[PDB]
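Undergrad: Here is the sequence, then the experimental structure:
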Amino acid sequence: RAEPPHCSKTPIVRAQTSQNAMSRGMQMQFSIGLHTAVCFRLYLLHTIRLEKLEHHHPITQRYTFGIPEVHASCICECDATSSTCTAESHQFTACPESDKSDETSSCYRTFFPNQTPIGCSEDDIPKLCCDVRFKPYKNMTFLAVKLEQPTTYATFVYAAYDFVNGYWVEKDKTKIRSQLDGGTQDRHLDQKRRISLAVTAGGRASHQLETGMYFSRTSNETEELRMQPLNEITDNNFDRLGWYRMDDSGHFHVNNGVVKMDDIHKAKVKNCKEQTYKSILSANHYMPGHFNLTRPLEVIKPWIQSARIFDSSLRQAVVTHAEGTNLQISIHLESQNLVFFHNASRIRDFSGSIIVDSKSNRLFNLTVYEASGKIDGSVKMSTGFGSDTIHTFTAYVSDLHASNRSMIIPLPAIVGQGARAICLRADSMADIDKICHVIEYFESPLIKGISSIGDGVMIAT
């Protein structure tokens, strides 16, 4: 089923290599676009596609966490002297092993003395004792990451095709990786080692990464990165995510539960006789009724196509830029001949919206339908088709066969507020075939749960 990608139309600059006190070469220069292909023959058709643009993720931090289901059972002791409900039994301690009860559950004890004698004697000052219980909710698991900090890599796809009796044959197929932050990077591409690919970036890549705490769900296994107030590994804010953390075994616990439990659990006696009390947790991100989540970055951030932990090793996260600037290529060889070829373009329909994202990115979130090759856009003044052109663009769809693709089109500041018309036309298409639509403009800017014990009192009088 071997097939070449749409060979884009690219101007080629002939440069001459400098010389030493020896034996008069030449270099073929061109600017390749992200998600487009370049084709040439050596005088076996050679193709290079700038497939992926990635910023690296690591700096370190990593920790699995969950969402806890909290339940607190208490008991009152009317006589302040009593052996039942004491500082040694309740203050800073986990309720000792039940032997039958769930392994997933995690409990902590808190001591509430100096009570009011309600349903008691006027002189004796009561005391309250509680078991705060925590278990994972819906078995929800997430990795917390201190997230992508850019290093930039380009991923190219080199394929050499041959036309053997009516059909194309993918002879050689490699993945080329080149670091974009330094000077030119050079390597051979073909097995014959005759040709060399030289990649050079103009400056920093189109878009940028924020430094902070991120996370995504785990399926017992990385997913689309989300952003919601989350704790750095060394921090333990109860109003932010990750205070309910998973250790090695898969057991979830409250981060420094023992010690902190008394600062976050607050209970007062309602009536010591009936064994009634007012209870709450001074925290967030717990069940019941204290947990929702932020949508993936992909969804909220137009400049982001995808942001995911790369694999099972959980060492790097890959941020795929919605679109990126072109890269500078030079193809060099001894002394022979190079000819560059190009295919043509087609387009059924399109859809999209003009967006200024939270990180101040002005782009056209374009989606093409049954399209291939070089596609030319024209952003118009007003909603009226035929109004004055304010920007002109060209997108390159790499699929040989007309397919549906989604892309990011950087726009100048002239493409200001309000809805407007945009007209797309493929290459060499008559102005009758030109699709127009009015496109929309969007812009992003920059409690007490009272319960009666239930378990009954074992110590009445």
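TA: Ah, there it is. Numbering: from 1, shown residues only.
Undergrad: Now find how far off-centre the longest strand along the chain is within its chain.
TA: Counting residues, the longest strand in the chain under DSSP state E turns out to be strand 127-146. Distance, stretch centre to chain centre, for strand 127-146: 25 Å (C-alpha atoms, centre = their mean, to the nearest Å).
Undergrad: That one pairs with which strands?
TA: strand 62-77 (antiparallel), strand 106-113 (antiparallel), strand 213-218 (antiparallel) (DSSP bridges).
Undergrad: For residue 447, which of those strands is the nearest?
TA: Across the strands paired with strand 127-146, residue 447 has its closest neighbour in strand 62-77 (13.2 Å, C-beta to C-beta). In short, each C-beta sits where N, CA and C put it, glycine included.
Undergrad: For the closest one, buried residues please.
TA: 63-77 (16 or more other C-beta atoms under 10 Å).
Undergrad: now swap in stretch 32-49 and tell me
TA: Applying 16+ other C-beta under 10 Å to stretch 32-49 flags 32-40, 42, 45-49 as buried.
Undergrad: Let me know the closest of the residues you listed to residue 7.
TA: Using C-beta to C-beta, these come closest to residue 7 at residue 39, 3.4 Å.
Undergrad: picking that back up, the buried residues of stretch 32-49 in strands, which ones?
TA: Per DSSP E, the buried residues of stretch 32-49 map to strands at 32, 37, 38, 39, 40, 42, 45, 46, 47, 48, 49.
Undergrad: Just give the nearest non-adjacent residue to the fourth one, would you?
TA: Once its chain neighbours are removed from consideration, residue 39 has its nearest residue in residue 7; the separation is 3.4 Å (C-beta to C-beta, 6 or more residues apart in numbering).
Undergrad: Give me the neighbour count for that neighbour.
TA: 23 (other C-beta atoms under 10 Å).
Undergrad: do the one 10 residues further on as well
TA: For residue 17, the neighbour count with other C-beta under 10 Å is 11.
Undergrad: do you know how far it is from residue 30?
TA: 16 Å (C-beta to C-beta, to the nearest Å).
Undergrad: Please apply the same query to residue 71.
TA: 66 Å.
Undergrad: count of neighbours near residue 115?
TA: 20.
Undergrad: let's have the chain start at 3 instead
TA: From this message on, residue numbering opens at 3, which makes the last subject residue 117.
Undergrad: so what's it closest to, chain neighbours aside?
TA: residue 128 is the one closest to residue 117 (C-beta to C-beta, 6+ apart), at 3.6 Å.
Undergrad: ok, the one you found touching residue 122?
TA: Yes. With contact defined as C-beta atoms under 8 Å, residue 128 counts as touching residue 122 (6.2 Å).
Undergrad: Who has more neighbours out of the two?
TA: The neighbour comparison of residue 128 against residue 122 (other C-beta under 10 Å) goes to residue 128, with 23 against 18.
Undergrad: For the more buried one, which residues are in contact?
TA: Contact analysis of residue 128 by C-beta atoms under 8 Å, 6 or more residues apart in numbering lists 78, 79, 80, 81, 82, 115, 117, 118, 119, 122, 271, 274.
Undergrad: ok, of those residues, which one's closest to residue 383?
TA: Closest approach between the contacts of residue 128 and residue 383, by C-beta to C-beta: residue 271, at 71.9 Å.
Undergrad: give me phi/psi at the closest one?
TA: phi -70, psi 140 (degrees, to the nearest 10).
Undergrad: Check residue 104 too.
TA: Dihedral angles (degrees, to the nearest 10) for residue 104: phi -50, psi 140.
Undergrad: For residue 433, see how far away it is.
TA: Distance from residue 104 to residue 433, by C-beta to C-beta: 71 Å.
Undergrad: okay, now the domains of this protein?
TA: Under the assignment automatic domain parsing, the domains of the chain span 15-58+153-206+319-343, 64-146+227-296, 351-445.
Undergrad: Which one, of the ones you listed, ends up nearest to residue 451?
TA: Nearest of the domains of the chain (C-beta to C-beta): domain 64-146+227-296, 5.8 Å.
Undergrad: distance between the ends of the closest one?
TA: In domain 64-146+227-296, first residue to last residue: 19 Å (C-alpha to C-alpha, to the nearest Å).
Undergrad: Next: stretch 357-366.
TA: Using C-alpha to C-alpha, the distance between the terminal residues of stretch 357-366 is 6 Å.
Undergrad: Show me the helices in this structure, by range?
TA: Taking DSSP state H to define them, one finds helices in the chain at 89-92, 259-266, 299-302.
Undergrad: export the second one as PDB, just CAs?
TA: Just to be clear, that refers to helix 259-266. Extracted in PDB, the C-alpha atoms of helix 259-266 (Å, rounded to 0.1, in the frame of the first residue of the first chain):
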ATOM      1  CA  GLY A 259      -1.800  12.800  57.500                       C
ATOM      2  CA  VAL A 260      -0.900  11.900  61.200                       C
ATOM      3  CA  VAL A 261       0.500  15.500  61.900                       C
ATOM      4  CA  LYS A 262      -1.700  17.600  59.700                       C
ATOM      5  CA  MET A 263      -5.100  15.900  60.400                       C
ATOM      6  CA  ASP A 264      -5.900  18.100  63.500                       C
ATOM      7  CA  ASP A 265      -5.300  21.400  61.400                       C
ATOM      8  CA  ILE A 266      -7.700  20.200  58.600                       C
END
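Undergrad: from the chain's centre, how far out does it sit?
TA: Worked out by C-alpha atoms, centre = their mean, helix 259-266 lies 33 Å from the chain centre.
Undergrad: by how many degrees do that helix and strand 129-148 diverge?
TA: Going by axes from the mean of the first three to the mean of the last three C-alpha atoms, to 10 degrees, helix 259-266 is angled at 110 degrees with respect to strand 129-148.
Undergrad: And helix 259-266, what's buried?
TA: 259, 262, 263, 264, 266.
Undergrad: In those residues, find the pair that's most separated.
TA: Longest span within these, C-beta to C-beta: 259 and 264, 10.3 Å.
Undergrad: Now do the same contact list for residue 276.
TA: Applying C-beta under 8 Å, 6+ apart, the residues contacting residue 276 are 121, 454.
Undergrad: how close does it get to residue 453?
TA: 11 Å.
Undergrad: Do me a favour and get the end-to-end distance for stretch 339-351?
TA: End to end - C-alpha to C-alpha - stretch 339-351 spans 40 Å.
Undergrad: oh, I was asking about stretch 289-299
TA: 24 Å.
Undergrad: And stretch 223-230, by the same measure?
TA: Termini of stretch 223-230 sit 20 Å apart (C-alpha to C-alpha).
Undergrad: got it, and stretch 252-267?
TA: This stretch, stretch 252-267, spans 25 Å end to end (C-alpha to C-alpha).
Undergrad: what about residue 100, how many neighbours?
TA: Residue 100 has 9 nearby residues by other C-beta under 10 Å.
Undergrad: for residue 460, same thing?
TA: Around residue 460 there are 7 residues (other C-beta under 10 Å).
Undergrad: and the gap between it and residue 210?
TA: 62 Å.
Undergrad: what's the answer for residue 141, then?
TA: Distance, residue 141 to residue 210, using C-beta to C-beta: 36 Å.
Undergrad: got it, and residue 199?
TA: Residue 199 is 27 Å from residue 210, by C-beta to C-beta.
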